[PDB]
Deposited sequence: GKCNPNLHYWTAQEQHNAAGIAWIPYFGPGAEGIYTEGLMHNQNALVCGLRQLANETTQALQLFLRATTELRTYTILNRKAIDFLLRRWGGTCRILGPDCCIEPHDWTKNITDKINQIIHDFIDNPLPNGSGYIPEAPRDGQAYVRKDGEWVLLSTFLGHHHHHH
């Protein structure tokens, strides 16, 4: 049983005398939402990824000592560059980027 529709809230910002915390919205008026009707080749495939990510993530947490873990996305960014660029690259392009031009 998969739900083709995904209604999501996202707490990211983007006004006059509104950024001030003393004037701005409270703790609940900070969310923006959207809608994903139909084209259920992405929503149901999205739900089939969080079920597989849980096994690795529950073991990633067991290793760490801290309570709150905000740095998973930054760690994947460093691993991105280190795999691409950490090793020596070649202009020939056997497995590395850098499109040759002459």
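Mapping the modelled residues onto the deposited sequence reveals missing stretches at 1, 16-18, 107-165.
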